[PDB]
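Notes follow the structure.
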Amino acid sequence: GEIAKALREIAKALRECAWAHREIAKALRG
Amino acid sequence: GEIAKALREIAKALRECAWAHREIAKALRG
Amino acid sequence: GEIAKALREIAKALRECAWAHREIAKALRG
Amino acid sequence: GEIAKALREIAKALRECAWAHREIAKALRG
Amino acid sequence: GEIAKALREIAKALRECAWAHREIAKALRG
Amino acid sequence: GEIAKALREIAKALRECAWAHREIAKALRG
Amino acid sequence: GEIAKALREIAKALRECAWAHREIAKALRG
């Protein structure tokens, strides 16, 4: 369904956010 | 549908958020 | 519909968040 | 409806988050 | 309804996030 | 219901995020 | 259901976000 697909799109964007936050943690280390 | 379209706009905004967090990581590295 | 409108409000608020995160990146570089 | 009202509460909370992120940007500038 | 109640929990959690982001701004100023 | 339970898991995850942001505010203080 | 499954993906992505924010707090402390 279109609604399920859009919700999966939201999840994908949030996994993208998480990746970026992990990069921030690494940047602060260095 | 209007609900699906709005959910897709939520995902798009979160992709913007992810892009900015990646820029934050870059600013911290540099 | 009221549900669709509310979901669009959520998306707009997240677009505000993204703008603010971009400002944080700009502040860190500057 | 209760669902629409709850979704608007989510948007309002996210607008609060954006406000705080804007404050973080200003704090970093100074 | 259970769905509305859960959405309200989501909004409340985001209000917690906003409070914490405000504390982050305050810590940066101080 | 499965949908309500999933929404409550989203809320719980966001409360975890808030806890982490509170730790960030503390870390900046120290 | 597909909608419930997608909402659970959203929750899991937020749990990834929370882990990363904790790592950010740890990096700032150290």
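Chain lettering (A, B, ...) mirrors the order of the structure tokens, residue numbering begins at 1 for each chain separately, and ligand numbering begins at 1 in order of display.
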
Residues within 12 Å of region 12-27 of chain C, please, as a ChimeraX atom specification. Count only C-alpha atoms; anything in the same chain fewer than 6 positions from it doesn't count.
/A:10,17,24 /B:6-30 /C:5-6 /D:7-30 /E:14,18,21,25

Fitted copy of chain C on chain F, all Cα, as a PDB file with N, CA and C atoms, in the first residue's frame:
ATOM      1  N   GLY C   1      -3.860  -3.450  19.899  1.00  0.00           N
ATOM      2  CA  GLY C   1      -3.671  -3.662  18.477  1.00  0.00           C
ATOM      3  C   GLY C   1      -2.217  -3.502  18.085  1.00  0.00           C
ATOM      4  N   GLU C   2      -1.832  -4.133  16.980  1.00  0.00           N
ATOM      5  CA  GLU C   2      -0.456  -4.073  16.501  1.00  0.00           C
ATOM      6  C   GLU C   2      -0.052  -2.644  16.140  1.00  0.00           C
ATOM      7  N   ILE C   3      -0.985  -1.845  15.619  1.00  0.00           N
ATOM      8  CA  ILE C   3      -0.628  -0.483  15.224  1.00  0.00           C
ATOM      9  C   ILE C   3      -0.355   0.355  16.474  1.00  0.00           C
ATOM     10  N   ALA C   4      -1.245   0.257  17.460  1.00  0.00           N
ATOM     11  CA  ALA C   4      -1.062   0.952  18.729  1.00  0.00           C
ATOM     12  C   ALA C   4       0.241   0.542  19.409  1.00  0.00           C
ATOM     13  N   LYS C   5       0.535  -0.755  19.430  1.00  0.00           N
ATOM     14  CA  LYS C   5       1.765  -1.224  20.066  1.00  0.00           C
ATOM     15  C   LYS C   5       2.997  -0.631  19.380  1.00  0.00           C
ATOM     16  N   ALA C   6       2.958  -0.568  18.053  1.00  0.00           N
ATOM     17  CA  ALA C   6       4.089  -0.043  17.289  1.00  0.00           C
ATOM     18  C   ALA C   6       4.279   1.447  17.552  1.00  0.00           C
ATOM     19  N   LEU C   7       3.166   2.176  17.634  1.00  0.00           N
ATOM     20  CA  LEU C   7       3.223   3.597  17.963  1.00  0.00           C
ATOM     21  C   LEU C   7       3.815   3.814  19.365  1.00  0.00           C
ATOM     22  N   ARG C   8       3.482   2.935  20.305  1.00  0.00           N
ATOM     23  CA  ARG C   8       4.078   2.998  21.637  1.00  0.00           C
ATOM     24  C   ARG C   8       5.568   2.706  21.598  1.00  0.00           C
ATOM     25  N   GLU C   9       6.002   1.851  20.675  1.00  0.00           N
ATOM     26  CA  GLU C   9       7.433   1.595  20.513  1.00  0.00           C
ATOM     27  C   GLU C   9       8.149   2.843  20.004  1.00  0.00           C
ATOM     28  N   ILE C  10       7.481   3.587  19.122  1.00  0.00           N
ATOM     29  CA  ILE C  10       8.047   4.822  18.598  1.00  0.00           C
ATOM     30  C   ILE C  10       8.221   5.821  19.736  1.00  0.00           C
ATOM     31  N   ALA C  11       7.202   5.935  20.579  1.00  0.00           N
ATOM     32  CA  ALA C  11       7.265   6.840  21.728  1.00  0.00           C
ATOM     33  C   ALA C  11       8.389   6.448  22.675  1.00  0.00           C
ATOM     34  N   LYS C  12       8.528   5.152  22.938  1.00  0.00           N
ATOM     35  CA  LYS C  12       9.593   4.680  23.834  1.00  0.00           C
ATOM     36  C   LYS C  12      10.979   4.995  23.259  1.00  0.00           C
ATOM     37  N   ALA C  13      11.141   4.813  21.951  1.00  0.00           N
ATOM     38  CA  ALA C  13      12.414   5.122  21.309  1.00  0.00           C
ATOM     39  C   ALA C  13      12.722   6.609  21.428  1.00  0.00           C
ATOM     40  N   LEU C  14      11.693   7.444  21.324  1.00  0.00           N
ATOM     41  CA  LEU C  14      11.900   8.877  21.469  1.00  0.00           C
ATOM     42  C   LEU C  14      12.248   9.240  22.917  1.00  0.00           C
ATOM     43  N   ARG C  15      11.708   8.496  23.882  1.00  0.00           N
ATOM     44  CA  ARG C  15      12.099   8.689  25.278  1.00  0.00           C
ATOM     45  C   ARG C  15      13.571   8.299  25.465  1.00  0.00           C
ATOM     46  N   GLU C  16      14.051   7.311  24.706  1.00  0.00           N
ATOM     47  CA  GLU C  16      15.486   6.996  24.734  1.00  0.00           C
ATOM     48  C   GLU C  16      16.303   8.150  24.168  1.00  0.00           C
ATOM     49  N   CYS C  17      15.804   8.728  23.084  1.00  0.00           N
ATOM     50  CA  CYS C  17      16.469   9.863  22.475  1.00  0.00           C
ATOM     51  C   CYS C  17      16.560  11.009  23.472  1.00  0.00           C
ATOM     52  N   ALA C  18      15.462  11.297  24.166  1.00  0.00           N
ATOM     53  CA  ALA C  18      15.456  12.402  25.131  1.00  0.00           C
ATOM     54  C   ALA C  18      16.478  12.178  26.247  1.00  0.00           C
ATOM     55  N   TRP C  19      16.601  10.932  26.718  1.00  0.00           N
ATOM     56  CA  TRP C  19      17.579  10.594  27.758  1.00  0.00           C
ATOM     57  C   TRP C  19      18.993  10.906  27.269  1.00  0.00           C
ATOM     58  N   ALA C  20      19.252  10.547  26.018  1.00  0.00           N
ATOM     59  CA  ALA C  20      20.559  10.748  25.423  1.00  0.00           C
ATOM     60  C   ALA C  20      20.834  12.236  25.235  1.00  0.00           C
ATOM     61  N   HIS C  21      19.830  13.003  24.828  1.00  0.00           N
ATOM     62  CA  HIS C  21      20.051  14.445  24.689  1.00  0.00           C
ATOM     63  C   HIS C  21      20.346  15.077  26.052  1.00  0.00           C
ATOM     64  N   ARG C  22      19.691  14.589  27.104  1.00  0.00           N
ATOM     65  CA  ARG C  22      20.012  15.076  28.447  1.00  0.00           C
ATOM     66  C   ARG C  22      21.452  14.751  28.818  1.00  0.00           C
ATOM     67  N   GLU C  23      21.937  13.586  28.403  1.00  0.00           N
ATOM     68  CA  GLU C  23      23.331  13.238  28.673  1.00  0.00           C
ATOM     69  C   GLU C  23      24.288  14.163  27.916  1.00  0.00           C
ATOM     70  N   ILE C  24      23.902  14.562  26.711  1.00  0.00           N
ATOM     71  CA  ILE C  24      24.714  15.495  25.937  1.00  0.00           C
ATOM     72  C   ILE C  24      24.805  16.839  26.670  1.00  0.00           C
ATOM     73  N   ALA C  25      23.672  17.328  27.186  1.00  0.00           N
ATOM     74  CA  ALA C  25      23.682  18.574  27.974  1.00  0.00           C
ATOM     75  C   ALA C  25      24.578  18.465  29.200  1.00  0.00           C
ATOM     76  N   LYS C  26      24.498  17.331  29.884  1.00  0.00           N
ATOM     77  CA  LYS C  26      25.308  17.128  31.079  1.00  0.00           C
ATOM     78  C   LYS C  26      26.795  17.112  30.731  1.00  0.00           C
ATOM     79  N   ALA C  27      27.131  16.471  29.616  1.00  0.00           N
ATOM     80  CA  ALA C  27      28.513  16.414  29.152  1.00  0.00           C
ATOM     81  C   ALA C  27      29.039  17.799  28.768  1.00  0.00           C
ATOM     82  N   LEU C  28      28.183  18.622  28.169  1.00  0.00           N
ATOM     83  CA  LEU C  28      28.611  19.963  27.775  1.00  0.00           C
ATOM     84  C   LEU C  28      28.865  20.853  28.988  1.00  0.00           C
ATOM     85  N   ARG C  29      28.039  20.731  30.022  1.00  0.00           N
ATOM     86  CA  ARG C  29      28.282  21.494  31.241  1.00  0.00           C
ATOM     87  C   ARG C  29      29.534  20.995  31.939  1.00  0.00           C
ATOM     88  N   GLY C  30      29.679  19.677  32.048  1.00  0.00           N
ATOM     89  CA  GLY C  30      30.855  19.102  32.673  1.00  0.00           C
ATOM     90  C   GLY C  30      32.035  19.106  31.719  1.00  0.00           C
TER      91      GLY C  30
END
